[PDB]
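What follows is a short report on a single structure.
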Amino acid sequence: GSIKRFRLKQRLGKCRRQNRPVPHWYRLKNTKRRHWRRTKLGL
Amino acid sequence: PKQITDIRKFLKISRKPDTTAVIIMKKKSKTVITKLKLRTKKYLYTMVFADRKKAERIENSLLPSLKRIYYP
Amino acid sequence: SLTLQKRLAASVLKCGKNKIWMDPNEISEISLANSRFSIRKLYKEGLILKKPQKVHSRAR
Amino acid sequence: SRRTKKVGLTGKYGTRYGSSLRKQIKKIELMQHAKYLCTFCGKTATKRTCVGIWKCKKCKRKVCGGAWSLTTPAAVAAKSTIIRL
Amino acid sequence: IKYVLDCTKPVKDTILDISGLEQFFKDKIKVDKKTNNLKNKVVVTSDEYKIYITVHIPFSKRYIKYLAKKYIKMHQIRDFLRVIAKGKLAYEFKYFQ
RNA sequence: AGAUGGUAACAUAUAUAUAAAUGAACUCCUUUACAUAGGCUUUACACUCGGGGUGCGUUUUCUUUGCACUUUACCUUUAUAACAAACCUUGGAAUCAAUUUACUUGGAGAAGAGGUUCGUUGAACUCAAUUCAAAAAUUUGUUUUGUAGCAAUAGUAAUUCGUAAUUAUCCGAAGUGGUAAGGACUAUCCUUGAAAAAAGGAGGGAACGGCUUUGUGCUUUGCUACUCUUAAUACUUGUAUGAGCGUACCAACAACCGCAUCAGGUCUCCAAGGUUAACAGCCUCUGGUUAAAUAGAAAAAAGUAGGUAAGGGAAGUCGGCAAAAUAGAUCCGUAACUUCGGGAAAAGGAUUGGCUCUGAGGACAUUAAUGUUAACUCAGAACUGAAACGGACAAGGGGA
RNA sequence: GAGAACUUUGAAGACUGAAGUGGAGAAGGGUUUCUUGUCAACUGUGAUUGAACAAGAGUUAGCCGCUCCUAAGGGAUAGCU
RNA sequence: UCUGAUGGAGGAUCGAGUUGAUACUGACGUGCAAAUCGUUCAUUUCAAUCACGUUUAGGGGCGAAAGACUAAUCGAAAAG
Ligand SMILES: [Mg+2]
Ligand SMILES: [Mg+2]
Ligand SMILES: [Mg+2]
Ligand SMILES: [Mg+2]
Ligand SMILES: [Mg+2]
Ligand SMILES: [Mg+2]
Ligand SMILES: [Mg+2]
Ligand SMILES: [Mg+2]
Ligand SMILES: [Mg+2]
Ligand SMILES: [Mg+2]
Ligand SMILES: [Mg+2]
Ligand SMILES: [Mg+2]
Ligand SMILES: [Mg+2]
Ligand SMILES: [Mg+2]
Ligand SMILES: [Mg+2]
Ligand SMILES: [Mg+2]
Ligand SMILES: [Mg+2]
Ligand SMILES: [Mg+2]
Ligand SMILES: [Mg+2]
Ligand SMILES: [Mg+2]
Ligand SMILES: [Mg+2]
Ligand SMILES: [Mg+2]
Ligand SMILES: [Mg+2]
Ligand SMILES: [Mg+2]
Ligand SMILES: [Mg+2]
Ligand SMILES: [Mg+2]
Ligand SMILES: [Mg+2]
Ligand SMILES: [Mg+2]
Ligand SMILES: [Mg+2]
Ligand SMILES: [Zn+2]
């Protein structure tokens, strides 16, 4: 809820970071995307 | 917040070196009423003088190192 | 899309969105107001008005 | 006007529960709820607080007694024997 | 106690005729439930630009305003005029915007 | 070397700030700390009513009108006032008294008279101050202030002027009892309704001023500002004030679990007006929406959720299933049988609107008469209407 | 706006009717919040909308909690098995 | 020995909500739904209801007893 453990918060942050799409420039030298409503983190 | 009634007490408080600021407020009464506020480090002491001239006199008396706030 | 502006107006005034009148003339001007200060200004001008309360008369 | 004829204190139970059982309860209820004579102050103010505890409103003294009556006959007999001894 | 109406702004635009207004006021002013009174309890006089009401009885400035509004409604001056308080004893007509 | 008052209950340090009322070991308590039900009271918010003040609304007609705003936080042991208790002093009670809605209490000391305290409450009370005039070693009389300070400088409703500033408003009466809390109580129990951290009080009486000199922390000798206590400050010692973590948003209506943006499920608090017994149902204000995996046009059958049907009235059917009828309240009337408590709202009747009246029920405060004035509830009588009235909503079918 | 019954604004008419699709919270969720964009798919119709996609941005406490205490209980110390 | 009050007792009565699930064997039955919806109904001061915490684990537990339930799984769970 609105009162999380610090560790949990960190995990959430990490997940969020993971979520973001490939920086496009790489493509010139993702399958693991997630949606908060369809696949749960099961934390 | 504290109210004061002994003029002498008020004076004493003023004389005391933790008193950085003073406030003087004017209020149209339902004549000109005047509130004298002293702001001490721990309390804000206030005296209500119904009589303008007296209030003025007391203000004059107040140390000229006080950082006087004229609110209205 | 005046949504946001309406929301801002609601908070600023203390009234519900159901009660902000945004004038259909000068919808361009209003949409430009992306801030609370701007909303306030608009209100002052009279481009945003607090609607009058629906009446509940005790008379009967 | 006196409400109940034979029922008395067991009017709270109403129609339910065997009549015989209710009759027995009545005696016991009477025993319970009667203000007993305190053997200290003299005022009939000793009332039942718990199962075997009887407190007086006067002295605030809690006297241990029987479950329903302040003194069971056996206990009294025992006391008497002790006194005689 | 004196109550005033600074009727200038629309009186000087002709649209407000003080004489009619005075009459209306006289007509209207109920006294403990009846219009035809206006005895020793209330007096109404008029300058060129000002109506004066003087009351001995419990009387509300609100009432005067209401009367004015009614008058305005009667003579179609509703989108043009407004009753506004100046001083406590002093009401005044003001132009709508 | 360790205050005082008060007969007593107990009170007292108001210094910027009630800081300070010696106290060790070792104990003893108390707070923390407690069920449920019932009413009663007090406060609070909420709602309402009447008036004044502002702005808006209605105005063919009518309406001193309808609506809106009129605000006030913690904190100051807040100061006091008021009240339910508990206690103290006096007093001495049968012709029993005081007393609550209820009973409770009283020679183990009641009533009464004066007090003390805790608790509600948080500016009530003249509360404080001021204006001066009289009486002792400070008290009485009058006035002006203050939304008691916080506090108006903040809000809110206005009105302007300008391209943010000024101004004016902010307050006199009361009722309803819907919430919530407290209080004193009362009742129920083969049910008697947590603990500790932490804090406080008490008993108890260990220890005992400082400095200098001499002898081996202890003893002797001389001198008098000392022991406390807050706050401030200066200086060394590690840098002598506030560690870390959580804080978006959703809480289902599409953010959760139901494989999904699924009519399901999922804990808690706040809770307006009308009608009313009602936080029911029906409608409305504040707030919220006007959306829901679709629209439009036609309006057959059939379906589904409903309505309504003449005369009959269960003849339908396994069976009165379903539906209808019944229903609220007041007044009457109430059997068999019974464990005497019930049955029972038995059964069965009657009444009900609107309007206009009449009677019944208080609080104060003047001197038995005269006043100011408050709810709502009863009871009765006219008149009235297409014989209607718990007009919608809501609401037992009954019996043998 | 290319394009609008389901984006936005106004005007109606309506409903929710303080046991509310109103405010706050808990569990659970985890960036869904917000702004600027924005429409490949998704948003079972459309869609310029969006809880979608993209870029950023956003959660500040001595006093609100956790943090301390104990409760039902749990994990262990000594043993003993 | 009666009568009028008061009093507010009760696993009393009706009854919203809540917890349930009686009937329609109504709707739905390639549903909104792997049990829902509607109307009706039973329950509401106690053997009440709910939350969170916690205890008890598979030939075991838990059971006001239906072989009920023990994560859509039960006359012996599930996983390997
Ligand atoms: Mg959580
Ligand atoms: Mg999900
Ligand atoms: Mg102001
Ligand atoms: Mg938040
Ligand atoms: Mg927010
Ligand atoms: Mg849903
Ligand atoms: Mg799943
Ligand atoms: Mg949907
Ligand atoms: Mg027929
Ligand atoms: Mg028949
Ligand atoms: Mg037949
Ligand atoms: Mg047949
Ligand atoms: Mg039937
Ligand atoms: Mg759609
Ligand atoms: Mg409605
Ligand atoms: Mg409805
Ligand atoms: Mg919402
Ligand atoms: Mg968003
Ligand atoms: Mg689509
Ligand atoms: Mg957007
Ligand atoms: Mg995204
Ligand atoms: Mg705290
Ligand atoms: Mg510990
Ligand atoms: Mg334990
Ligand atoms: Mg173990
Ligand atoms: Mg069944
Ligand atoms: Mg069926
Ligand atoms: Mg079908
Ligand atoms: Mg069997
Ligand atoms: Zn006794």
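Convention: chains lettered A, B, ... in structure tokens order; per-chain residue numbering from 1; ligands numbered from 1 as shown.
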* **helix (DSSP H, G or I) residues, from DSSP on the backbone, in chain C, as a list in words** => residues 3, 4, 5, 6, 7, 8, 9, 10, 11, 12, 13, 17, 18, 19, 27, 28, 29, 30, 31, 36, 37, 38, 39, 40, 41, 42, 43, 44 and 45 of chain C
Please save C-alpha atoms of the selected residues as a PDB file, in the first residue's frame.
ATOM      1  CA  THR C   3      -9.988  19.152 -17.905  1.00  0.00           C
ATOM      2  CA  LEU C   4      -6.810  20.228 -16.101  1.00  0.00           C
ATOM      3  CA  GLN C   5      -7.831  23.912 -16.084  1.00  0.00           C
ATOM      4  CA  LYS C   6     -11.209  22.974 -14.603  1.00  0.00           C
ATOM      5  CA  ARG C   7      -9.485  20.897 -11.922  1.00  0.00           C
ATOM      6  CA  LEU C   8      -7.198  23.794 -11.073  1.00  0.00           C
ATOM      7  CA  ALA C   9     -10.187  26.133 -10.822  1.00  0.00           C
ATOM      8  CA  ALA C  10     -11.946  23.698  -8.509  1.00  0.00           C
ATOM      9  CA  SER C  11      -9.117  23.588  -6.041  1.00  0.00           C
ATOM     10  CA  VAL C  12      -8.272  27.295  -6.129  1.00  0.00           C
ATOM     11  CA  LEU C  13     -11.785  28.470  -5.404  1.00  0.00           C
ATOM     12  CA  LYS C  17     -15.708  21.070 -10.863  1.00  0.00           C
ATOM     13  CA  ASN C  18     -19.486  20.840 -11.241  1.00  0.00           C
ATOM     14  CA  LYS C  19     -19.447  24.538 -10.237  1.00  0.00           C
ATOM     15  CA  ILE C  27     -11.631  28.919 -24.738  1.00  0.00           C
ATOM     16  CA  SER C  28      -8.263  29.557 -26.424  1.00  0.00           C
ATOM     17  CA  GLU C  29      -7.184  32.064 -23.783  1.00  0.00           C
ATOM     18  CA  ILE C  30      -8.223  29.741 -20.954  1.00  0.00           C
ATOM     19  CA  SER C  31      -6.509  26.569 -22.223  1.00  0.00           C
ATOM     20  CA  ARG C  36      -2.810  28.148 -10.550  1.00  0.00           C
ATOM     21  CA  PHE C  37      -1.744  31.795 -10.693  1.00  0.00           C
ATOM     22  CA  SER C  38      -3.038  32.061 -14.252  1.00  0.00           C
ATOM     23  CA  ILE C  39      -6.303  30.426 -13.182  1.00  0.00           C
ATOM     24  CA  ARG C  40      -6.629  32.983 -10.385  1.00  0.00           C
ATOM     25  CA  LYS C  41      -5.995  35.784 -12.869  1.00  0.00           C
ATOM     26  CA  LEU C  42      -8.669  34.383 -15.181  1.00  0.00           C
ATOM     27  CA  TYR C  43     -11.126  34.211 -12.293  1.00  0.00           C
ATOM     28  CA  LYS C  44     -10.373  37.821 -11.383  1.00  0.00           C
ATOM     29  CA  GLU C  45     -10.953  38.865 -14.989  1.00  0.00           C
TER      30      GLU C  45
END
* Any idea what's packed within 12 Å of residue 278 in chain F, counting only C-alpha atoms (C1' of nucleotides), ignoring anything in its chain fewer than 5 positions away? Could you give it as a ChimeraX atom specification? -> /F:178,394 /H:15-16
* Asked: Excluding same-chain residues fewer than 6 positions from residue 21 in chain H, what lies within 12 Å of it counting only C-alpha atoms (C1' of nucleotides), as a ChimeraX atom specification?
  -> /H:40-43
* **Contacts of range 12-16 of chain G within 8 Å, only C-alpha atoms (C1' of nucleotides), excl. fewer than 4 positions in-chain, as a PyMOL selection string** => (chain F and resi 288-290) or (chain G and resi 20-21)
Those same residues - N, CA and C atoms (P, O5', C5', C4', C3', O3' and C1' of nucleotides) - I'd like them written as a PDB file, in the first residue's frame.
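Output (result.pdb):
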ATOM      1  P     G F 288     -17.060  17.929  -7.481  1.00  0.00           P
ATOM      2  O5'   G F 288     -17.602  16.468  -7.808  1.00  0.00           O
ATOM      3  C5'   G F 288     -16.850  15.294  -7.450  1.00  0.00           C
ATOM      4  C4'   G F 288     -17.651  14.055  -7.761  1.00  0.00           C
ATOM      5  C3'   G F 288     -17.999  13.850  -9.226  1.00  0.00           C
ATOM      6  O3'   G F 288     -16.912  13.317  -9.971  1.00  0.00           O
ATOM      7  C1'   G F 288     -19.911  13.446  -7.895  1.00  0.00           C
ATOM      8  P     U F 289     -16.635  13.851 -11.451  1.00  0.00           P
ATOM      9  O5'   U F 289     -17.962  13.438 -12.230  1.00  0.00           O
ATOM     10  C5'   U F 289     -17.945  12.373 -13.196  1.00  0.00           C
ATOM     11  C4'   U F 289     -19.233  11.582 -13.169  1.00  0.00           C
ATOM     12  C3'   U F 289     -20.026  11.593 -14.462  1.00  0.00           C
ATOM     13  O3'   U F 289     -19.457  10.731 -15.443  1.00  0.00           O
ATOM     14  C1'   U F 289     -21.499  11.900 -12.637  1.00  0.00           C
ATOM     15  P     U F 290     -19.337  11.227 -16.962  1.00  0.00           P
ATOM     16  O5'   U F 290     -20.854  11.259 -17.446  1.00  0.00           O
ATOM     17  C5'   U F 290     -21.696  10.105 -17.271  1.00  0.00           C
ATOM     18  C4'   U F 290     -23.141  10.443 -17.536  1.00  0.00           C
ATOM     19  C3'   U F 290     -23.449  11.053 -18.891  1.00  0.00           C
ATOM     20  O3'   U F 290     -23.499  10.061 -19.912  1.00  0.00           O
ATOM     21  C1'   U F 290     -24.660  12.183 -17.186  1.00  0.00           C
TER      22        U F 290
ATOM     23  P     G G  20     -22.941   4.120   0.626  1.00  0.00           P
ATOM     24  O5'   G G  20     -23.562   5.442  -0.013  1.00  0.00           O
ATOM     25  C5'   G G  20     -24.662   5.377  -0.944  1.00  0.00           C
ATOM     26  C4'   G G  20     -24.373   6.196  -2.182  1.00  0.00           C
ATOM     27  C3'   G G  20     -23.022   5.960  -2.859  1.00  0.00           C
ATOM     28  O3'   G G  20     -23.233   5.788  -4.257  1.00  0.00           O
ATOM     29  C1'   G G  20     -23.384   8.271  -2.550  1.00  0.00           C
ATOM     30  P     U G  21     -22.606   4.528  -5.024  1.00  0.00           P
ATOM     31  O5'   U G  21     -21.415   5.178  -5.859  1.00  0.00           O
ATOM     32  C5'   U G  21     -20.105   5.350  -5.281  1.00  0.00           C
ATOM     33  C4'   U G  21     -19.143   5.894  -6.311  1.00  0.00           C
ATOM     34  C3'   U G  21     -19.270   7.382  -6.635  1.00  0.00           C
ATOM     35  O3'   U G  21     -17.979   7.972  -6.770  1.00  0.00           O
ATOM     36  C1'   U G  21     -19.469   6.112  -8.618  1.00  0.00           C
TER      37        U G  21
END
* Report as a ChimeraX atom specification which protein, DNA and RNA residues come within 9 Å of ligand 5, using only C-alpha atoms (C1' of nucleotides) and all ligand atoms. => /F:248-249 /G:33
Write a file of the just-selected residues containing N, CA, C and O atoms (P, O5', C5', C4', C3', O3' and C1' of nucleotides), as a PDB file, in the first residue's frame.
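That gives us out-v7.pdb:
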ATOM      1  P     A F 248       1.173   9.516  -0.607  1.00  0.00           P
ATOM      2  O5'   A F 248       1.458  10.797  -1.515  1.00  0.00           O
ATOM      3  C5'   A F 248       2.630  10.881  -2.353  1.00  0.00           C
ATOM      4  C4'   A F 248       2.250  11.209  -3.779  1.00  0.00           C
ATOM      5  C3'   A F 248       0.834  10.809  -4.196  1.00  0.00           C
ATOM      6  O3'   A F 248      -0.056  11.914  -4.069  1.00  0.00           O
ATOM      7  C1'   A F 248       2.402   9.806  -5.658  1.00  0.00           C
ATOM      8  P     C F 249      -1.553  11.688  -3.542  1.00  0.00           P
ATOM      9  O5'   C F 249      -2.150  10.636  -4.578  1.00  0.00           O
ATOM     10  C5'   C F 249      -2.482  11.023  -5.925  1.00  0.00           C
ATOM     11  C4'   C F 249      -2.852   9.808  -6.741  1.00  0.00           C
ATOM     12  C3'   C F 249      -3.936   8.921  -6.150  1.00  0.00           C
ATOM     13  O3'   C F 249      -5.246   9.408  -6.420  1.00  0.00           O
ATOM     14  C1'   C F 249      -2.134   7.574  -6.877  1.00  0.00           C
TER      15        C F 249
ATOM     16  P     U G  33      -1.946   8.006 -14.180  1.00  0.00           P
ATOM     17  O5'   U G  33      -1.582   8.226 -12.643  1.00  0.00           O
ATOM     18  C5'   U G  33      -2.596   8.492 -11.651  1.00  0.00           C
ATOM     19  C4'   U G  33      -2.180   9.640 -10.758  1.00  0.00           C
ATOM     20  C3'   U G  33      -1.785  10.921 -11.481  1.00  0.00           C
ATOM     21  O3'   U G  33      -2.934  11.759 -11.574  1.00  0.00           O
ATOM     22  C1'   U G  33      -0.044  10.273 -10.000  1.00  0.00           C
TER      23        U G  33
END
* Which residues form the shell of 10 Å around ligand 25 when you count only C-alpha atoms (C1' of nucleotides) and all ligand atoms, given as a count of residues only? -> 3
